[PDB]
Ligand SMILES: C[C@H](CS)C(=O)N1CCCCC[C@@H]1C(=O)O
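Take a look at this single chain in structure tokens; it is the form solved without this ligand.
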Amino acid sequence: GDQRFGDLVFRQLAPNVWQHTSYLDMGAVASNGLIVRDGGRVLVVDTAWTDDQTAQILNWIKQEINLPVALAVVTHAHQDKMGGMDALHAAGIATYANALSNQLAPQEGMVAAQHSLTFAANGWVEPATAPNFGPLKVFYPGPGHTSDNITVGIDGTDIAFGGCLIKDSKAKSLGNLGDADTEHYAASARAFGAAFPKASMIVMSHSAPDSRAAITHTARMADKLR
């Protein structure tokens, strides 16, 4: 079910949803994002690690979907999620991130997105800051992998994207905690689960999609950090 296109891998998850995967030698580390077809347009969640890889995402979209990319949202200011911002801006694609991601971007070595999302006290995106997001339902679960990490449900499907906050249920660790909030991580993981309570396919940055057990297993590992 995987399609190789250049050095990237694309996998269809639902009629209008694909997972994009790019690799960086750190051996090679995979990072996943999403592509969503919404009527006559395409929406992207996360860049690839690099500008060149992100340009290949746009090329794959042109070939396999052939609809314009209306916007991209990136889920925190680290290289695996935001390293390819320049390719999006070069193509004239409107980009969105948590306001905090944009504020942190220079210190993290990332190019800021063009637009900033803000959030209610319950974590839901303020809709005026998510214009024409279509099926993308953005939720800020609280600090976890980073203080700025956001998550995205795909309305009309069984899919929710946890980004780097959620690890699969076979994970032995919580990955890179160098920028993490170890106090609040567990509650943030549980908040993601409660925000998308009917999602059955959990997509994440560094594992293949998993069931909801990924959320609970992650939260229970994060319980041990306190």
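Residue numbers run from 1 along the displayed sequence.
The same protein also exists as the form deposited with this ligand bound; that form is not shown, yet it is the one meant from here on.
* Asked: How does the site look for this ligand after superposition from its pose in the bound PDB entry: open, or blocked with 3 or more ligand atoms within 2.4 Å of a backbone or C-beta atom?
  -> Blocked: when this ligand is placed as it sits in the bound PDB entry, 3 or more of its atoms come within 2.4 Å of backbone or C-beta atoms.
* Asked: Even though this ligand is not shown here, does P68 get within 4.5 Å of it in the bound PDB entry, heavy atoms only?
  -> It does not: once this ligand is placed as it appears in the bound PDB entry, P68 has no heavy atom within 4.5 Å of it.
* Asked: So in the bound PDB entry, does any heavy atom of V36 sit within 4.5 Å of this ligand?
  -> No, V36 sits far enough from this ligand in the bound PDB entry that none of its heavy atoms falls within 4.5 Å.
* Quick one: does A194 come within 4.5 Å of this ligand in the bound PDB entry, counting heavy atoms only? -> Judged by the heavy-atom cut-off of 4.5 Å, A194 is well away from this ligand in the bound PDB entry.
* **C164: touches this ligand in the bound PDB entry, heavy atom cutoff 4.5 angstroms** => Answer yes; at least one heavy atom of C164 falls within 4.5 Å of this ligand in the bound PDB entry.
* Asked: Counting only heavy atoms and a 4.5 Å cutoff, which of 60-68, 173-181, 194-202, 37-45 contacts this ligand in the bound PDB entry?
  -> Heavy-atom contact with the partner occurs in 173-181.
* Asked: Taking this ligand in the bound PDB entry, which residues of 62-99 have any heavy atom within 4.5 Å of it?
  -> Result: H76, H78, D80.
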